[PDB]
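Going letter by letter, the sequence shown gives residues 207 to 262, 275 to 476 in PDB author numbering.
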Amino acid sequence: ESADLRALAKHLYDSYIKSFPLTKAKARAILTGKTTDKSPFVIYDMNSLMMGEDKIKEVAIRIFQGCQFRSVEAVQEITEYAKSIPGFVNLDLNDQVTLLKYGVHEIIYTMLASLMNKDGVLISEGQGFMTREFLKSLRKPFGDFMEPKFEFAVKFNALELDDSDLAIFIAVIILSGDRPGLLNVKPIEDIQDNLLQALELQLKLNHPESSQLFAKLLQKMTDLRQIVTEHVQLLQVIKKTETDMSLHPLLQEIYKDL
Ligand SMILES: *c1ccc([N+](=O)[O-])cc1C(=O)Nc1ccc(C(N)=O)cc1
Ligand SMILES: CCCCCCCCC(=O)O
């Protein structure tokens with residue numbers, strides 16, 4: 207019944223709003239100049255960077283650590299959203315951990331796109347805006363850290379998803395079931411099947427003139443999978459380049475053996 211899928215969609219959107227404080231709708235209002243929201247301070251060089259902590275350890279490292287800790291914050295919100303996905307907390311505890319371990323970066327980036335346009339990314343819960351060129355201008359290893367996220371976000375944002383779409387899409391991601399190590403795959407797939415049904419109906423209702431958006435959105439799951447695997451290699455590069463730099467353990471466990 208369509209009715210139960212709508213209720214699932216409504217449930218997930220509600221928990222998404224409750225777990226993610228900077229929605230795509232707010233981020234768009236911030237990025238496009240709307241009077242519901244206030245203007246970000248735009249970091250685009252070192253000096254504007256050094257005025258940012260007024261208004262909102276070398277430069278590239280300082281930024282990379284803020285990105286690092288800003289990532290843990292996202293994992294916490296994602297983990298809290300996950301708990302609301304019906305059936306998730308009833309799964310084998312070890313499979314929960316595995317679903318999160320693998321899903322978290324594909325969801326963090328997917329929701330991260332909401333904060334991006336081709337020019338840069340919202341930072342410090344939308345109060346800041348660090349330009350894409352300033353990030354690309356950073357020293358050798360960190361200079362290329364965020365570029366592939368921007369490239370993805372540009373293509374992803376072209377789908378023009380709203381938060382109510384993303385809430386279901388993100389749940390679909392978490393409940394994959396093709397994740398390595400999963401002890402009991404069938405109840406995960408039963409959940410994902412319901413979510414995908416929910417996602418599909420949601421996209422047809424919310425984007426009726428958007429042909430095959432459902433298919434096109436699932437295909438984007440390929441780009442996410444690429445980003446995450448690409449992202450871990452540059453992590454290993456920096457751990458060996460900067461012996462002195464400390465990756466958060468919560469994040470370390472995410473990359474442990476992929
Ligand atoms: C930055 C630097 C390092 C890592 N990492 O080793 O996992 C991750 C990041 C990163 O993506 N940080 C981030 C993600 C999402 C947001 C957000 N949605 O606001 C902020 C920062
Ligand atoms: C999106 C919040 C991040 C705060 C500033 C830290 C830099 C992270 C980034 O470049 O995305």
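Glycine included, each C-beta is placed from N, C-alpha and C at the ideal position.
In the three-state scheme derived from DSSP, where H, G and I count as helix and E and B as strand, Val248 is classed as strand. Of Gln451, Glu324, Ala231, the smallest CA-CA separation from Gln437 is found for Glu324.
At a Cβ-Cβ threshold of 8 Å, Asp310 and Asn402 count as neighbours. A distance criterion of 7 Å places the beta-carbon of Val339 in contact range of ligand 2, judged by its closest non-hydrogen atom. The Cβ neighbour count for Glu365, taken over all protein chains shown within 10 Å, is under 16; the residue is labelled exposed. Taken in chain order, the complete alpha helix (DSSP H) segments of 4 or more residues contained in the stretch 341–381 are 350–354, 358–361, 365–375. In the three-state DSSP reduction, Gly305 falls in the coil class, being neither helix nor strand. If you compare the alpha carbons of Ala213, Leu400, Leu330 with that of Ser289, the shortest gap goes to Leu330. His217 and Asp251 have their C-alpha atoms spaced approximately 42 Å apart. Nearest to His425 by alpha-carbon distance, out of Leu379, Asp411, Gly284, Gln451, is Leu379. The C-alpha of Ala278 lies about 35 Å from the C-alpha of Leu393. The beta carbon of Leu469 sits closer than 8 Å to the beta carbons of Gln286, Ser289, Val290, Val293 from its chain, once the five residues preceding and following it are set aside; these are given in chain order. Per DSSP, the unbroken alpha helix (DSSP H) holding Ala215 starts and ends at 208–225. Note on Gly346: 16 or more other CB atoms within 10 angstroms of its CB, so buried under the neighbour-count rule. When the five nearest sequence neighbours on each side are left out, no beta carbon in the same chain lies closer than 7 Å to the beta carbon of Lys275. Set against 7 Å, the gap from the CB of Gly321 to the closest heavy atom of ligand 2 is not smaller. Looking at the DSSP output, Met334 sits in a beta bridge with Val339.
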